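**Student:** Please find one structure pasted underneath; my questions will follow.
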Amino acid sequence: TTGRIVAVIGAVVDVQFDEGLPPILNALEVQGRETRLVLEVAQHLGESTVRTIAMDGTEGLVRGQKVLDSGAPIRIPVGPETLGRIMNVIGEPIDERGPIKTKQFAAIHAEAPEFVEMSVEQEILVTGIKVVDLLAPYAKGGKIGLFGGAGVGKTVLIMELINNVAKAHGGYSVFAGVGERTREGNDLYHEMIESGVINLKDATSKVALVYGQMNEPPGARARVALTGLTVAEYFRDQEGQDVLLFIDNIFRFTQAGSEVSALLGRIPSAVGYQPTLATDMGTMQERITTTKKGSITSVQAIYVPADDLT
Amino acid sequence: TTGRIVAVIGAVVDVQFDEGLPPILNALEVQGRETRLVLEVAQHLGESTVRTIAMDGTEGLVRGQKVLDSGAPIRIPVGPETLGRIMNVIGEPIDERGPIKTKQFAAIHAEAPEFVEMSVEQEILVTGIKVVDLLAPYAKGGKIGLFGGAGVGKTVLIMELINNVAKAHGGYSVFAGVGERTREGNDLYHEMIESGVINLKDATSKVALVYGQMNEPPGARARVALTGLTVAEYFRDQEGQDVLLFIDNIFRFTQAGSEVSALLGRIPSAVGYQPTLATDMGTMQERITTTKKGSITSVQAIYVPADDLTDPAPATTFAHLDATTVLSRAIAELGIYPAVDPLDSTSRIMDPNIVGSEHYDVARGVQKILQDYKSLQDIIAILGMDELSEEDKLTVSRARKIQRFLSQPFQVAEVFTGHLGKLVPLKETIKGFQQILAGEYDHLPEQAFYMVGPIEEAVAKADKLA
Amino acid sequence: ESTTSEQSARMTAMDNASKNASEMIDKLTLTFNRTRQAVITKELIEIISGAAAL
Amino acid sequence: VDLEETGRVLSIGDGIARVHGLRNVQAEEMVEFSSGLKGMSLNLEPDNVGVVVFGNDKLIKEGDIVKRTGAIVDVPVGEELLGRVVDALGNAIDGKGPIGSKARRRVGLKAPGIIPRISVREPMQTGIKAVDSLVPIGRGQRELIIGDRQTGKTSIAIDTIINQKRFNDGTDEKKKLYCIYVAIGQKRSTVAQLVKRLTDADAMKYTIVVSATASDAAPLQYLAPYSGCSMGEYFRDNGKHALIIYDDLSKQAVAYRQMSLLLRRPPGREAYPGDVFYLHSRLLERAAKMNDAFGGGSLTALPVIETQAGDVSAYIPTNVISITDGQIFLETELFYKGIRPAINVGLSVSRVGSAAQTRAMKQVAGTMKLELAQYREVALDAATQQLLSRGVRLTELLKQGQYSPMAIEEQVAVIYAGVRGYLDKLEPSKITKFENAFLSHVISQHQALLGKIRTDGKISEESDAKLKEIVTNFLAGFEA
Amino acid sequence: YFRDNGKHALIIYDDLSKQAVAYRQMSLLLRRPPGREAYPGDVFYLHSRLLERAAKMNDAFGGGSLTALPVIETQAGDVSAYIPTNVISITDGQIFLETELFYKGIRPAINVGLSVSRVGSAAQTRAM
Amino acid sequence: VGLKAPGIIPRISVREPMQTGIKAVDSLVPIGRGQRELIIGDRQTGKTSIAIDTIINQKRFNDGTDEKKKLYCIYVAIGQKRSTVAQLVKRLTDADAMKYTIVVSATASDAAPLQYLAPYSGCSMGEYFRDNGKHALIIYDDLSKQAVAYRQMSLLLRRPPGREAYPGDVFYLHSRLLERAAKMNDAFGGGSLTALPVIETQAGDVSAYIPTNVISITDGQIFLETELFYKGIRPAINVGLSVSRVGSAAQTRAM
Ligand SMILES: Nc1ncnc2c1ncn2[C@@H]1O[C@@H](COP(=O)(O)OP(=O)(O)NP(=O)(O)O)[C@H](O)[C@H]1O
Ligand SMILES: Nc1ncnc2c1ncn2[C@@H]1O[C@H](COP(=O)(O)OP(=O)(O)NP(=O)(O)O)[C@@H](O)[C@H]1O
Ligand SMILES: Nc1ncnc2c1ncn2[C@@H]1O[C@H](COP(=O)(O)OP(=O)(O)NP(=O)(O)O)[C@@H](O)[C@H]1O
Ligand SMILES: [Mg+2]
Ligand SMILES: [Mg+2]
Ligand SMILES: [Mg+2]
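Protein chains in written order, with full-length UniProt numbering: chain A, 59 to 368; chain B, 59 to 524; chain C, 244 to 297; chain D, 66 to 444, 453 to 553; chain E, 299 to 426; chain F, 172 to 426.
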């Protein structure tokens with residue numbers, strides 16, 4: 059049913075509901091705006107009020123504005139129709155190439171494979187790249203830290219990875235740009251087209267793109283990885299694939315957290331981060347793994363604050 | 059009369075009395091459990107409610123549940139019918155040897171010895187531990203502090219002292235274990251029954267035991283330091299006797315404070331500690347003292363968190379001692395036990411007029427060469443020994459011997475050192491160094507002085523190598 | 244001889260001196276960061292604290 | 066209508082649900098939610114009750130029914146849990162049926178007092194040469210396993226668990242040891258492999274695995290080591306012997322810090338609560354050795370702590386060090402070099418357990434601790458260059474592969490080989506080749522000698538001369 | 299404006315550290331949760347909204363361009379502090395200037411080792 | 172107690188030599204009547220055996236005729252242990268100096284506001300001696316412990332905490348107290364109040380909130396340093412780092 063805006067401080071909105079109450083983690087959709095302003099439920103406050111973080115700017119909300127509960131968390135399209143497309147944190151296509159026409163949707167939040175679903179085997183997902191496969195081989199369903207900044211091959215090492223795991227295994231890939239710079243995001247788009255792995259003609263496209271750019275609010279940057287995760291999950295779980303999840307870049311994923319968490323004004327932990335730090339990270343990193351059905355293996359770029367590995 | 063639990067959190071509970079209201083400090087008594095659950099009023103919140111610190115687990119309590127005022131503080135057995143018995147924080151006995159039938163009682167809280175009662179009696183107390191004696195001697199009826207980070211050997215050192223001191227000692231000793239290892243207690247007990255300071259057969263026992271270890275609630279750790287306090291207090295006053303008070307670990311007292319200060323509702327102070335760290339301490343601390351009447355020689359082991367000697371806890375405590383021994387991981391890691399920092403341990407009686415300016419002179423002479431070595435410490439680390447001037451090449455070698463001859467194999471860790479437990483008398487302490495200092499020994503290998511008794515065992519060792 | 248056994252000698256003492264130097268550096272860089280994090284927090288704890296007290 | 070054995074939720078926010086109702090509910094009583102979710106009365110305030118949730122607090126909507134249960138928080142304990150993987154509430158997550166637990170324990174027990182106890186006397190055998198010789202543990206003792214990330218901390222626990230097969234498949238009942246592994250904050254992937262590996266060594270049968278993994282709600286991880294501790298007290302308290310491994314306490318402390326900070330409690334060193342020492346001291350006291358008056362059973366504890374850049378004087382490492390009865394320090398450097406287990410023999414210590422060392426070992430052991438001693442600084454004339462040679466060799470001897478605990482006598486055997494210096498003229502690269510051959514040899518043929526060294530519990534004058542001949546000829550047989 | 303009318307603008311924000319300070323002040327007096335250095339949780343979002351607004355419009359949009367040189371004051375050279383960190387993160391290059399360089403003679407005092415532009419060669423004429 | 176300090180006019184440049192009888196101090200950092208000279212240093216460096224050696228020096232002048240060279244001494248003892256306050260009085264008494272010397276003592280066990288107040292009280296007592304044409308030397312030992320006390324009151328009073336938990340005015344605290352020492356001008360008695368405040372540092376850290384405050388306040392200071400101490404330089408002073416903001420204007424033309 060319908061609720062109402064009762065406070066808007068910054069990118070955190072408080073919303074009253076008369077009858078039902080949307081669970082934590084639900085997607086409310088603020089009404090009467092040119093562009094979809096989703097709010098995501100953070101706390102139940104009492105007095106039929108919930109708190110939320112905004113998946114986009116809040117200018118021009120008035121207290122009293124109608125808000126409509128969608129009855130689920132954020133849901134996004136999934137399946138092969140995402141390959142070649144560029145969707146934002148809430149599933150909207152942003153490549154101006156029309157809509158992402160799929161039957162299936164999926165909730166971005168979700169739970170780690172159950173203990174009984176975990177595969178206990180460890181085998182190498184082969185990249186066909188000599189350096190890697192020989193000395194520091196990627197493990198099916200493992201996470202890989204990828205160091206060094208610009209001009210070292212990073213963009214290409216990715217593309218060639220997207221390419222081979224596709225070629226020699228039949229594994230699509232998702233790239234999650236957590237805090238992508240709008241410039242580089244454009245460029246990364248074209249480079250993937252120019253190179254092969256995206257194809258605007260046939261459907262032989264091999265990589266879905268999810269971007270949560272640097273000028274979106276904390277909420278969006280903080281949840282964009284999960285969107286990318288969700289898209290990859292469809293390929294593991296429904297199509298039994300050995301998938302690739304690129305996250306660039308994981309430090310911004312943490313920061314987005316640390317931000318969102320200071321906005322709900324939870325007291326900050328050591329050195330600035332969220333008190334949620336460990337489990338924020340855990341409940342994402344734990345979805346990435348080998349299940350009986352298949353496996354998401356993920357390469358994640360890392361920034362090291364202050365060159366301080368500690 | 060009667061009142062009720064209206065709020066419970068951790069060891070902090072809120073009771074409501076409609077009729078009457080207990081003074082701040084009155085032990086309350088929870089009515090409804092198979093276990094004496096003393097509360098202790100610490101605040102009047104108003105609206106005829108008080109705030110209290112438990113003295114045990116509070117699982118179970120309910121909003122409701124009755125409480126009876128005891129009309130008094132927490133009061134415990136005192137007197138000679140305690141010697142040989144292990145008692146907990148509220149006096150209850152815990153050596154499973156029946157009750158402690160005793161004439162009188164005392165409360166755990168108590169005002170502290172007025173200025174007129176102080177005594178300036180400064181006489182040296184020899185330990186037979188070379189570093190302590192030579193550089194910062196303990197004083198009879200003095201307050202003594204053992205500072206150390208996790209694992210540098212406070213507990214061993216307190217034990218060695220208990221041995222070289224309280225074994226041949228006509229007089230009562232009290233040992234308060236405050237929030238340390240329960241198995242260390244079991245260990246003490248047995249070790250003192252065999253040696254026979256405690257005797258289950260008689261009333262010939264010379265020691266009282268008070269224990270509240272690192273498994274009990276904040277409240278309990280908070281207070282027990284005082285239980286054992288009160289006991290020693292009696293033996294001093296109503297007996298004008300020679301009391302030996304050993305605590306391990308006085309730190310856990312301030313720590314436990316911290317754990318409760320949070321929910322008592324004080325605003326946090328530096329580093330998160332209780333606002334009241336200096337007085338909370340200082341009251342408690344200033345009761346541990348030698349007065350005109352009796353005489354307490356106190357020895358408190360003081361834990362230092364994260365090795366931070368500036369952490370408020372260790373930091374504040376320094377004020378309260380007459381002799382201090384500070385233990386450094388740095389030293390211990392070089393196998394130099396006991397791990398005493400020679401340039402950081404001090405006594406308020408290293409004074410020629412008190413120790414005789416041969417002592418004071420060999421001391422500050424060691425303390426000098428050491429602190430001269432310590433200054434070169436930097437250039438030796440970057441350029442190497444060779445860049446050292448000739449004079450300086452020596453200052454090292456000699457110093458390094460001193461460094462090594464302050465090591466002394468304790469009669470306890472005969473198990474870790476394997477080596478036979480030595481105890482060196484003030485004379486041969488002062489002597490040996492004097493010689494080392496006057497360089498009679500620049501012809502002996504370093505090791506020769508590591509882990510020995512008098513300087514003979516040194517020169518003696520040097521041969522068995524050759 | 245002497246100035247082959249001296250050149251060779253200090254070529255070595257230097258090699259060493261600099262290795263030592265290089266360790267001090269790493270060990271020191273290490274406490275630097277510890278001190279670094281500590282300070283960040285100690286300041287944030289002082290803010291949060293006085294901000295709760297209103 | 067009911068407001069006394071019941072509540073509905075006021076607010077469910079920073080992981081505390083404030084409930085209204087539950088009048089009679091007591092401090093630390095497990096309440097229950099609509100969902101099936103369980104929680105914990107923690108805060109008893111006038112109008113509301115603060116409940117810690119033991120699960121995912123998204124499910125907790127405003128105004129949900131909340132029933133009491135009158136049970137102080139407790140887990141299932143008992144022989145029935147062996148072989149099973151369970152969450153921190155005891156539920157089975159291993160899909161193998163349900164657990165026919167019959168007993169229950171408060172996760173929040175107090176520890177045995179000064180009296181019900183007694184000095185650790187009996188061996189807890191890791192089956193790891195280095196530990197068993199130079200850092201002997203003893204049943205009832207607490208030994209800290211502490212090192213940087215990926216230095217072999219867990220491997221050590223895992224081997225120790227795997228080793229207890231040889232006693233449980235044995236005829237002697239006072240040598241049996243039941244195993245309890247608590248996973249706090251680790252990858253679920255990892256617990257699962259850990260479990261399979263245990264299952265291949267046929268060690269799972271005597272083992273309980275309690276998992277609160279990285280994706281589980283903080284209080285679950287905050288809880289687990291205590292749940293597990295209870296499960297293992299049952300064995301201590303009915304005159305049996307258990308070993309519990311907490312992997313790791315560093316991550317639990319972290320979880321606890323989340324809860325503390327979120328409940329607005331006051332931060333200190335590293336933003337930890339003031340009571341983060343208590344959090345650990347009270348879990349690790351609950352392990353010790355009972356005098357025969359209470360069945361002389363024992364709980365032994367190997368808690369794990371993850372240092373950052375080798376800093377064993379942070380807040381959390383010194384806390385735990387100041388609780389336990391010594392520690393095995395693992396060193397990233399050593400590990401890198403190839404010394405594995407990467408134990409810092411000079412820094413690692415066991416206090417109490419010194420006297421729980423088997424006699425057989427003690428002979429040859431003590432004389433290794435000593436030569437390795439005179440190796441550490443001397444690290453040139455005949456004897457000092459000798460003291461080196463001897464050293465680099467004794468060192469090589471203590472390197473040992475994963476998943477292969479050694480029988481204590483098999484150990485005393487291959488150590489004997491080095492302390493009498495048969496290893497001295499072998500180049501060190503070859504030392505481990507030699508060791509593996511030599512050991513598998515005496516094991517195959519001389520089951521006689523081994524069986525006897527265990528029995529005389531000592532290297533007998535005969536044993537010795539027998540052994541001399543074995544090794545002396547075997548190392549002529551060593552061609553390169 | 300110029301950007302969107304096929305023209306070319308350059309904007310200098312001197313000094314983006316002092317703007318942060320101001321925004322902080324408003325956030326604090328508004329009683330909004332303090333974080334590191336007491337800055338809000340949106341003091342990144344602040345600057346990233348702003349600086350992501352410089353761009354190079356493809357032909358179909360005028361061909362125009364806005365180019366931004368933000369200016370950050372660092373303290374004792376700490377480029378890991380909250381604001382530096384943020385901006386350095388948002389932007390695609392840094393020109394670091396140093397006082398020792400300055401007095402040694404290097405003026406302009408550009409540390410050419412630390413300085414960088416991720417656009418790089420592509421922004422350069424062939425001669426250069 | 173709550174008296175504000177002498178403004179601008181009631182005073183005159185500090186000209187009157189306040190002798191310590193310590194070669195080190197009296198030559199390189201000379202104090203003068205009306206000056207505030209801070210003694211700062213790590214614990215057990217000799218911070219007190221300064222202030223004591225100085226009162227014990229005033230025998231000479233107080234057992235004579237010249238009525239200007241006379242100096243009555245107050246000695247606040249904040250935070251210490253009675254076992255010491257006493258042992259110290261005993262030291263004074265022995266050397267025979269106790270006669271010209273108030274000794275206000277608020278110690279460890281004394282309540283919080285009692286240490287807060289102690290050094291003020293001990294000031295008023297010394298204000299009299301100056302406002303009535305005589306010469307006082309008050310020694311607060313130490314302000315470090317006092318500050319801590321003021322912090323407690325303040326925090327328990329729910330006054331939101333600042334740096335290192337101390338309250339905002341923790342500067343005002345030492346500022347105001349320490350201003351009350353002056354060199355009154357003739358038109359007001361000629362009387363003085365030299366004040367030796369004492370501060371205790373941690374590991375030498377003079378950045379610590381407090382030690383930096385009190386140094387900004389006093390007319391100079393003596394630093395102590397355990398390093399020099401053991402090195403043989405007793406009294407351990409660190410010349411180069413000790414300053415007297417009154418210079419020779421406070422010596423004899425003999426020194
Ligand atoms: N005894 C050994 N001999 C040779 N390699 C070993 C040995 N023990 C561990 N390793 C290797 O080192 C491991 C690191 O993880 P682990 O043994 O669980 O120690 P850890 O400090 O607990 N690491 P972590 O669980 O990520 O914190 C590898 O996966 C092994 O291949
Ligand atoms: N005086 C000593 N001589 C030789 N070895 C020692 C000595 N003291 C300690 N050790 C060794 O180091 C360990 C620490 O001893 P211990 O006295 O318990 O330190 P501690 O001050 O009590 N730290 P903790 O008890 O954990 O709060 C021992 O168990 C020994 O193996
Ligand atoms: N000039 C000196 N020559 C030799 N010894 C001295 C000298 N001055 C002081 N000492 C000794 O050094 C110790 C410390 O002196 P003290 O005045 O208490 O410094 P402190 O920093 O005030 N100590 P504390 O009050 O604990 O901070 C004494 O016990 C003296 O006997
Ligand atoms: Mg101890
Ligand atoms: Mg591990
Ligand atoms: Mg002093």
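For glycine and all other residues, C-beta sits at the position ideal for the given N, C-alpha and C.
Expressed to the nearest angstrom, what Euclidean distance is found between the alpha-carbon atoms of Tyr271 of chain D and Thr216 of chain D?
**Tutor:** Along the fourth sequence, read from residue 1 onward, the residue named residue 271 of chain D stands at position 206. Along the fourth sequence, read from residue 1 onward, the residue named residue 216 of chain D stands at position 151. Each residue's Cα considered, the two are about 26 Å apart.
**Student:** Counting only beta-carbon atoms, is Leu364 of chain D nearer than 8 Å to chain B?
**Tutor:** Here residue 364 of chain D corresponds to residue number 299 of the fourth sequence, with the count starting at 1. Chain B contact via Cβ: absent.
**Student:** Run through DSSP, which three-state label would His501 of chain B get?
**Tutor:** Indexing the second sequence from 1 puts residue 501 of chain B at position 443. Coil at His501 of chain B, not helix or strand.
**Student:** Closest to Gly80 of chain D by C-alpha separation, out of A:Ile82, A:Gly68, A:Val73, A:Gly78, would be which residue?
**Tutor:** Here residue 80 of chain D refers to the residue found at position 15 of the fourth sequence. Nearest of A:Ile82, A:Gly68, A:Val73, A:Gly78 to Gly80 of chain D, Cα basis: A:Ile82.
**Student:** On the three-state DSSP scale, how would you describe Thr389 of chain E?
**Tutor:** One-based indexing of the fifth sequence puts residue 389 of chain E at position 91. It is coil, neither helix nor strand.
**Student:** Comparing C-alpha positions only, which one of A:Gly115, A:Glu92, A:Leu79, A:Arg91 sits nearest to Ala100 of chain A?
**Tutor:** Translated into positions along the first sequence, residue 100 of chain A becomes position 42. Nearest option by C-alpha distance: A:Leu79.
**Student:** Between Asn259 of chain C and chain B, is there a C-beta pair that is closer than 8 Å?
**Tutor:** Start at 1 with the first residue of the third sequence, and residue 259 of chain C comes out as number 16. Chain B, which has a Cβ nearer than 8 Å to the Cβ of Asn259 of chain C, makes this yes.
**Student:** Does the beta carbon of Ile288 of chain C come closer than 8 Å to any beta carbon on chain D?
**Tutor:** One-based indexing of the third sequence puts residue 288 of chain C at position 45. At least one chain D Cβ lies under 8 Å of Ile288 of chain C.
**Student:** In three-state DSSP terms, what is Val96 of chain D?
**Tutor:** By one-based count along the fourth sequence, residue 96 of chain D stands at place 31. Correct three-state label for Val96 of chain D: coil.
**Student:** For residue 448 of chain D, report the span of its beta strand (DSSP E) as first-last.
**Tutor:** Chain D lacks the residues between 444 and 453, and residue 448 of chain D is one of those with no coordinates.
**Student:** Identify, in the order they occur along the chain, each residue of the same chain with its Cβ nearer than 6 Å to the Cβ of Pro400 of chain B, setting aside the five sequence neighbours on each side.
**Tutor:** Residue numbering aside, residue 400 of chain B sits at position 342 when the second sequence is read from its first letter. Hits under 6 Å: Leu193, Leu428.
**Student:** For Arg149 of chain D and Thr160 of chain A, what's the separation of their Cα atoms in angstroms?
**Tutor:** If you number the fourth sequence from 1, residue 149 of chain D lands on position 84. If you number the first sequence from 1, residue 160 of chain A lands on position 102. Approximately 43 Å between the Cα atoms of the pair.
**Student:** At the 8 Å Cβ level, is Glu317 of chain A part of the contact set with chain E, yes or no?
**Tutor:** Looking up residue 317 of chain A in the first sequence gives position 259. Taking Cβ atoms only, chain E reaches closer than 8 Å to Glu317 of chain A, which makes this a yes.
**Student:** Helix, strand or coil for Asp300 of chain A, going by three-state DSSP, please let me know.
**Tutor:** One-based indexing of the first sequence puts residue 300 of chain A at position 242. Residue state, collapsed to three classes: strand.
**Student:** In chain C, which residues lie less than 9 Å from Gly442 of chain B when you measure between Cβ atoms?
**Tutor:** In the second sequence, residue 442 of chain B corresponds to position 384, counting from 1. Neighbours of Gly442 of chain B on chain C, chain order: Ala256, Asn259, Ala260, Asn263.
**Student:** Under 8 Å Cβ to Cβ from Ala170 of chain B, same chain only, skipping five residues before and after it: list those, please.
**Tutor:** The sequence position of residue 170 of chain B within the second sequence is 112, counting from 1. Closer than 8 Å at Cβ, skipping near neighbours: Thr341, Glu344, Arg345, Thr347.
**Student:** Would you call the CB atoms of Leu446 of chain B and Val454 of chain B closer than 8 Å?
**Tutor:** Along the second sequence, read from residue 1 onward, the residue named residue 446 of chain B stands at position 388. Along the second sequence, read from residue 1 onward, the residue named residue 454 of chain B stands at position 396. Result yes, Cβ atoms of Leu446 of chain B and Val454 of chain B sit closer than 8 Å.
**Student:** Taking 8 Å as the CB-CB limit, is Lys525 of chain D close to chain B?
**Tutor:** Numbered from 1 along the fourth sequence, position 452 holds the residue referred to as residue 525 of chain D. No, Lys525 of chain D does not count as interfacial toward chain B.
**Student:** From the DSSP secondary-structure annotation, give me the bridge partner or partners of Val414 of chain F.
**Tutor:** As a first step, residue 414 of chain F must be located in the sixth sequence, where it is residue number 243. Answer is F:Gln392.
**Student:** Since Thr285 of chain A and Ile166 of chain A are thought to touch, with beta carbons under 8 Å apart, how far apart are those beta carbons, to the nearest angstrom?
**Tutor:** Your numbering for residue 285 of chain A matches position 227 in the first sequence. Your numbering for residue 166 of chain A matches position 108 in the first sequence. The Cβ separation is near 5 Å, so the contact holds.
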